[PDB]
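Here is how the chains run, residue by residue.
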Number of protein chains: 2
Amino acid sequence: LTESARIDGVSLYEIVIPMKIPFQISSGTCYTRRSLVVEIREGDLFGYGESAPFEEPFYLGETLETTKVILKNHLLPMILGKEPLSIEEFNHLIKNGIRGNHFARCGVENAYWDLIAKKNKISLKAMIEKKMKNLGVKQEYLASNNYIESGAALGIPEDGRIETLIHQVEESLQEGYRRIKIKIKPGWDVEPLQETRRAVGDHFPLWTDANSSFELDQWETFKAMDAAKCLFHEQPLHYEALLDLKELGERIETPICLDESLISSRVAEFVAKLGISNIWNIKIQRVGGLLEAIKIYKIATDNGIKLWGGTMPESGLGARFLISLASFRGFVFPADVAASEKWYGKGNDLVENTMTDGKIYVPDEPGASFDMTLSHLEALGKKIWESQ
Amino acid sequence: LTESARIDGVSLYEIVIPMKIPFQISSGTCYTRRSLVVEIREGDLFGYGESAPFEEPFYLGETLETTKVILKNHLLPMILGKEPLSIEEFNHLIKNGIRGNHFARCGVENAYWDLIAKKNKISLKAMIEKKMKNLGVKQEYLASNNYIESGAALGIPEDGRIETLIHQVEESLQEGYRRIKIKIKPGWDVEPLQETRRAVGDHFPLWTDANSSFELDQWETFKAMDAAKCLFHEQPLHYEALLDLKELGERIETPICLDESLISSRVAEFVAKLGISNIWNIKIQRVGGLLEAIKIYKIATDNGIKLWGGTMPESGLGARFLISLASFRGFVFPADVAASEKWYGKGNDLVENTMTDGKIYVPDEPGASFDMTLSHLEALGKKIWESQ
Ligand SMILES: [Mg+2]
Ligand SMILES: [Mg+2]
C-alpha cells in the first residue's frame, strides 16, 4: 500500500443541501446543510473531503467564511504540486503553515485519505486498520464489526413541554435507533431525563448532552440525575475546565464524557494521564482529521478508555470517514451519524448512508467517494475556487 | 467609577506602519506593522483598541484576514447599540457569540476599557487596580511601580554566526535594556546561550525562547544549558504538552516558563493547580483582553507564580494596555515592549512609548489613546468598515 501522491490540482466546492428536517441548531434555525468539499487531483484520480464548520463562530471560533479564507489563501495553495510520501507526512505538511483551523485541515486531510484509498483500490476501513497497526494499536483493538450502531440526538423542545420531548423519544424507538441522548441545560435537566428514562426503561442506552452549560458548583443537579442511571453525562462543563470535570466525576455515580475538551491527540495524552474521564467522544472534524482521530483512538484503547463516534454533523461524505473508523472495537456505544434519507430525503445527500434496524454498514468499496458521481456533486454545489 | 456606556458607533481602521528595523519574523520578512484598530463611540467620546494578528496562521490559527471577517460580520455588529453595565458584562457579551478568535476579542475588549477610562477621566492603571481589588487580588499585589523594565529579544542570526548574535547582545547592553532573551531551536542552543551568558556575565537577566521547537526527549540539551544559569526557559515544548513541560522542569535546574500554553484564565486555573510551571508570561492579545489578563494575574499571584509581560508585538496602542498592567508587583522580570523610536522612528508609532535607561513609564493620563490624535490615526491607516 503506497501512501504517496502528487497534488496536481485542487478545487473547492461549496455544497448546499436542503434539510428535510430543519432542526434546532445552537444559533437558531437551520433549513440547509452548507459545507465545503475539497477536491484533490492526481492525474485522473480524485479524492474528496468535507469541511463542515458552522456559519457562526460558536464552535472553536471557526466559521464557513474563515474556513474559506484559510483554505483559499493558505492551505490549498500550500499543498498544490506537493508530493507527500505518506499520510503522516501530509499531516505534518498541513499543520506546518497552519495552526488551529481544524475544519479546514480536516477537509484537506480526509480528501487525501480518499485519494490514497482509491489509488490503491482499498477500503477506508482497511487503510485505517493498517495505520492503527503501524502505530502499535493493541491487537484486541484492531478487531471490528462491519457496521456501526446509530443513536438519536434529541434537543430541548421550544415549547418547554416534557410531552413534546417524549413524543420524540417514542418516534426514535419506532425508527429503530439503538440509543438516545437528550439535550440539557440548567433548569431543563432532572425532569426531562426522568421522563425519558421511564419512556424507554432502565435498560435503554441513554445519556445527556449539556453542551458545557453547567458549572461544578451545580453538581448537586447531577447528583439528582443519578437516579435516571444513564450511561454518562456528555460534556457537562466548560471544555477547558478539565480538573472540574474530573472533580464532578468524583462527586456523582454517573460517569463524565468528554467531547469538546478533546481537541487533539496531545491534549488526549495528558487527559488520559490525569484520569479526567473514562469515556471520550471522537469527532474527526473537531480533531482536524482521521490520523489525529486514530492517534486518539490508540491513546484511549491503551488506557481502557471507552469511545463512541459523533459528527457535527457533516454531509454523508464527512460521515464516511467516521463510519469506517467507528466500527473498530474501541467504539462501544452507538454513534451520532445522520441517516441520509431522514434528513435530506432519499438520494439527496452527497453520498447515501443508510440506517437499517439502527445500524449503518461500513462500505467495502474504496475510500469515501466511491459512489459520488461528479454530476451529483455539481448538482449539490458549485466550484468556488481552484488552482493547478 | 461607572463601567457602563452605550455603543452608539463602531469603526474599524487598518493601520500600516513602516518598520525602521525589519526583523526576522516567524514566517520570513516583515518590513511593516499591519494592524487593526477598533473605534467605539459613545456620544462624542471614543475608545480605541488594537487587534494585532499575524498575516499567516502560525499563531492560534488567526490571521489579519480571518480577524477582519470575525470583526466585520460578527463581533462589531453584535456590540452596536448595546449598553453593557460593566467591563465584566461586556466581556461576557463579546464571548457569547464568538469562541476562540482572541485577537478580534482583544481589540474590542481593550477599546471598551479605553472608552470607560476616558469617560471617567482616569488612568488605565487606576482602573486595573480597582478591578484587581474588586476581584479579591491580595493586598500585596495591588502594589506597583510607576514604570516597567524593558528587555531585548534577540533572534537566531541568518548567517548562523555566534558573533552576529554577540554583536547584538553588545548593542542591547549599550541601548540600556535590562534583560536579554535569545531565540533557540534544536542545533542552535547550548553554544549561543553559552557565548551570550559570558558576554553579559552570570549576573545579567537572561532567558531562552525556544518557541515550542523542542520535545521532552531532547531534555538532555536543556541539561547542558543548565551551566548558563539563566532565569528560565520560555515555552520550550509544544503548547499543549502540559505534563511534558512539568516533567522537563523536574529533569533540570533551570525553571520552565509558559507563554503559548496560557491561553485563558480557565486554563491558568488548572495549570496552577497542577504545578506545571512557576513562571508565566502574560500577553493580553493571546488571552483575548485585559480582564482575562487580570484574572490570570490573580491566579498567578494567589499561587506565588512569577509573572512577566510580553507583546506580539502590537503598535504602541496595544502596548499601552500591557504597560499599565505590567507595573504591578506580580510582574518581576523585564517585559517585551517595543520602544516606539527604535522600531518606527520617533513620533511614527500610533502612540509613543519611550524607553529611558531601560524603563518605560506608566502613563497617568486617562486610558490608552489620550495622546493619539485623530489625524495621526488617519495618517497611519484607513477606516475600512463602520456602522452606526
Ligand atoms: Mg457533544
Ligand atoms: Mg514567547
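Residues numbered from 1 in each chain as written, not as in the entry; some residues may be left out. Chains lettered and ligands numbered in written order. Heavy atoms only, no water. Residues with missing side-chain atoms left out of burial classes, pairs and counts.

- Per the deposited record, X-ray crystallography is how this structure was determined, to a resolution of 1.80 Å.

1. Structural notes on the coordination of the magnesium ion (ligand 1)
Residues and elements named next belong to chain A.
Then step 1. At 2.0 to 2.1 Å from the magnesium ion (ligand 1) lie its protein donor atoms, namely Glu234 (OE) and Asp259 (OD). Remark: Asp259 occurs in the loop between β9 (256–258) and α9 (265–273) and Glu234 occurs in strand β8 (residues 233–234); sequence separation between them is 25 residues. In this pair, the class of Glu234 matches that of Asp259, namely buried. (Donors = N, O, S within 2.8 Å, 3.2 Å for Na, K, Ca; no water. Helix = DSSP H or I, 4+ residues; strand = E, 2+ residues; numbered from the N terminus. Buried < 20%, exposed > 50% of the residue type's maximum accessible area, 1.4 Å probe, protein only.)

2. Remarks on the sheet that holds strand β11 (residues 306–309) of chain A
Residue and element names in this part refer to chain A.
Then step 1. If you trace the 7 strands from one edge of the open sheet to the other, you get β5-β6-β7-β8-β9-β10-β11, paired in parallel fashion. Here the strands that pair on one side only, and so sit at the sheet edges, are β5 (152–154) and β11.
Then step 2. In the sheet, β8 pairs with β9 via 2 bridges, with the strands oriented parallel. When the sheet's bridge partners are listed, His233 is paired in β9 with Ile256.
Then step 3. Across the sheet, helix α6 (residues 190–200) lies against β6 (180–183) and β7 (206–209), angled at about 160° from β7, the strand it touches most. (Pairing = 2+ DSSP bridges. Contact = heavy atoms within 4.5 Å. Axes fitted to C-alpha atoms, helices over the stretch in contact; angles between N-to-C directions.)

3. Section: helix α2 (residues 87–96) of chain A
All names here are of chain A.
Then step 1. Those residues of α2 not exposed but buried are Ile87, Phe90, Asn91, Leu93 and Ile94. For α2, the arc enclosing every buried residue in end-on projection is 160°, short of the 170-degree limit, so these residues lie on one face. Away from the buried face of α2 by more than 90 degrees, exposed residues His92 and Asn96 are located.
Then step 2. For α2, the elements touching its buried residues are β2 (32–42), α1 (64–79), α3 (102–119), α4 (124–134) and α11 (290–302). (Arc of directions from axis to C-beta.)

4. Brief notes about the coordination of the magnesium ion (ligand 2)
Ideal donor angles around a metal are set by the shape: a four-donor tetrahedron calls for 109.5 degrees, a six-donor octahedron for 90 or 180 degrees.
Then step 1. For the magnesium ion (ligand 2), the full set of protein donor atoms is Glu234 of chain B (OE) and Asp259 of chain B (OD), and the range of their distances to it is 2.0 to 2.1 Å.
Then step 2. Using a relative accessible area of 0% as the deciding quantity, one classes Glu234 of chain B as buried.

5. Digging into the UniProt feature "binding site: Mg(2+)" (unreviewed entry) in chain A
Residues and elements named next belong to chain A.
Then step 1. Under the present numbering, the feature "binding site: Mg(2+)" (unreviewed entry) in UniProt falls on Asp209, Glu234 and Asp259. These annotated residues cover 51 residues of sequence, and their C-alpha atoms all fall within 9.6 Å of one another, placing them together at a single site.
Then step 2. Along the chain, the position of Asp209 falls in strand β7.
Then step 3. Excluding its chain neighbours within four sequence positions, the residues that come into contact with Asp209 are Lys181, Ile182, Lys183, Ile184 and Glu234.
Then step 4. A polar contact is formed between the side chain of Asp209 and the side chain of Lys181, at a distance of 3.1 Å.
Then step 5. Ignoring sequence-local partners within four residues, the contact set of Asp259 consists of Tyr59, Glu234, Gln235, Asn281, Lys283 and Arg286. (UniProt positions renumbered as here; feature names shortened; annotations may be inferred. Polar contact = N/O pair within 3.5 Å; in protein donor to acceptor, adjacent residues only side chain to side chain.)

6. Side note on the environment of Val108 of chain B
Residue and element names in this part refer to chain B.
Then step 1. Checked against the element boundaries, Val108 lands in helix α3 (residues 102–119).
Then step 2. Looking at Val108, the relative accessible area reads 0%, which means it is buried.
Then step 3. It is 14 Å that separates the C-alpha atoms of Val108 and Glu314, two residues lying 206 residues apart in sequence.
Then step 4. Sequence-distant contacts of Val108, that is, excluding residues within four places in its chain, are made with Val38, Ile40, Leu71, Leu75, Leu76, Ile79, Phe90 and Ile94.

7. A few points about the domain arrangement of chain A
Residue and element names in this part refer to chain A.
Then step 1. As assigned here, chain A comprises domain 1 (1–120 + 374–388) and domain 2 (121–373).
Then step 2. Centre-to-centre, using C-alpha coordinates, domain 1 lies 23 Å away from domain 2.
Then step 3. Each partner contributes to the interface: domain 1 provides 42 residues, whereas domain 2 provides 47 residues.
Then step 4. If you list the elements that add at least two residues to the side of domain 1 that touches domain 2, you get β1 (9–18), β2, β3 (45–51), α2, α3 and α14 (374–380).
Then step 5. For the side of domain 1 that touches domain 2, the element with the most residues is α3, which contributes 12 residues.
Then step 6. Of the residues assigned to the side of domain 1 that touches domain 2, the class counts are 23 nonpolar, 9 polar and 10 charged. (Domains from an automatic or database assignment. Nonpolar A, V, L, I, M, F, W, Y, C, P; charged D, E, K, R; others polar.)

8. Here's the deal with the sheet that holds strand β11 (residues 306–309) of chain B
Adjacent strands of a sheet pair through backbone hydrogen bonds, lying either parallel or antiparallel.
Residues and elements named next belong to chain B.
Then step 1. Taken together, 7 strands build an open sheet; the order of strands is β5-β6-β7-β8-β9-β10-β11 and the sheet is parallel. Only two strands of the sheet have a single neighbouring strand rather than two, namely β5 (152–154) and β11.
Then step 2. The pairing of β5 with strand β6 (residues 180–183) spans 3 bridges and is parallel. From the neighbouring strand, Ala152 faces β6, where its bridge partner is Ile180.
Then step 3. Across the sheet, helix α11 (residues 290–302) lies against β10 (279–282) and β11, angled at about 170° from β10, the strand it touches most.

9. Notes on the side chain of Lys118 of chain B
Residues and elements named next belong to chain B.
Then step 1. Note on placement: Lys118 falls in helix α3.
Then step 2. Judged by relative accessible area, which is 19%, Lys118 ranks as buried.
Then step 3. Other than its neighbours up to four places away in sequence, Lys118 contacts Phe46, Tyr48, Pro366 and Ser369.

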